[PDB]
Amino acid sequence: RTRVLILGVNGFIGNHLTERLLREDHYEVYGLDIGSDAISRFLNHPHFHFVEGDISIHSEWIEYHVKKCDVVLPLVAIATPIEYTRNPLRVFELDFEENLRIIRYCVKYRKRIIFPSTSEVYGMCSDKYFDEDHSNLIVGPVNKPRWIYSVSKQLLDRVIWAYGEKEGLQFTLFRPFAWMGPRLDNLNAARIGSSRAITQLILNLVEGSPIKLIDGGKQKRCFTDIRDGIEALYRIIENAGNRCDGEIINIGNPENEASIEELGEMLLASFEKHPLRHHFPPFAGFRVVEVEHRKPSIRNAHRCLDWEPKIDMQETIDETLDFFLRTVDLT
């Protein structure tokens, strides 16, 4: 059966993908991370194997598991916007340099790599819907250091493309658009997964801090239920008819567009109607402080995966906030 190597498994994507792969009885999951508290349920599973590892510290030990497995998913990256400008060099060394090693491990041993690109790769693209194959990528001048993350992830996509064009590297690049659901990542976790903006809103509700609406909270974002997201990711792993080879696939729900303002009001509404609301501080209000599109084209997901998002916003909003409130440490 197929050996799947998940680097950075102790988190949002690693938990949901491991559960999906383990449901089918033809996958061997090798989850690599420095901890396992977020995937404690799978350690006893006969087809899950935890690997102690850190892609910054380990080289030989990561190379061995790339050769040992069949498909690799490198999910380790600092994907939190405040860190792009605060620690730009650490963001660059981890997200780019360390992952380039794993990429090159995959071409060396002729393994298939399913690499998480970012939706920030489109930047300030003028298209209403972001096309993986046609949309232009627009960023600001280099004196605006916010873009160091978007430009770094883009160069990694191009280097993967070059290895596929020139060294026969089998790859699929997927770009998640605001994934949310049970088991969100930590706000400062160096694991690619849950939409950092929406978990910050829920943290505002849980902690009793106001919801900061940067310049109005009008910039809109298209969020996706992890049930819909992990389903498309699982089908990329399946690679039916090899239709995903060399492809770039957005994985988002373009019918779930909402501004940061509308997100807060939506989460707040579900917040008040929740049975556990009394355990949390009163709502602190919306504060105005000092990229606006981010709608994905999902034709590539239609073509390569026969995938269409099915869950409705209200279901996704209620379930993400519900799971959060019951698993919050009150003591």
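A residue's number is simply how far along the shown sequence it sits, counting from 1.
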key: Unmodelled stretch of the deposited sequence separating residue 290 from residue 291, binned as none, 1 to 3, 4 to 9 or 10 or more   = 10 or more
ask   = Looking at the entry, does 187 to 195 or 208 to 216 show the higher mean C-alpha B-factor?
value = 208 to 216
message = Highest mean C-alpha temperature factor of the two stretches 53 to 61 and 269 to 277, which is it?
response = 269 to 277
remark   = Listed options 38, 34, 29, 43: highest C-alpha B factor recorded at 43
ask   = Which of these has the highest Cα B-factor in the record: 169, 258, 102, 180?
value = 258
request  = Rank-wise, by C-alpha B-factor, drop residue 14 into the lowest, middle or highest third of its chain.
outcome  = lowest
query = residue 135: which third of its chain by C-alpha temperature factor?
reply = middle
key: Chain third (lowest, middle, highest) by recorded CA B-factor, residue given as residue 305   = lowest
inquiry  = Split into thirds by Cα B-factor across the chain's modelled residues, where does residue 153 land: lowest, middle or highest?
reply    = lowest
Lowest, middle or highest third - CA B-factor, residue 284 = highest
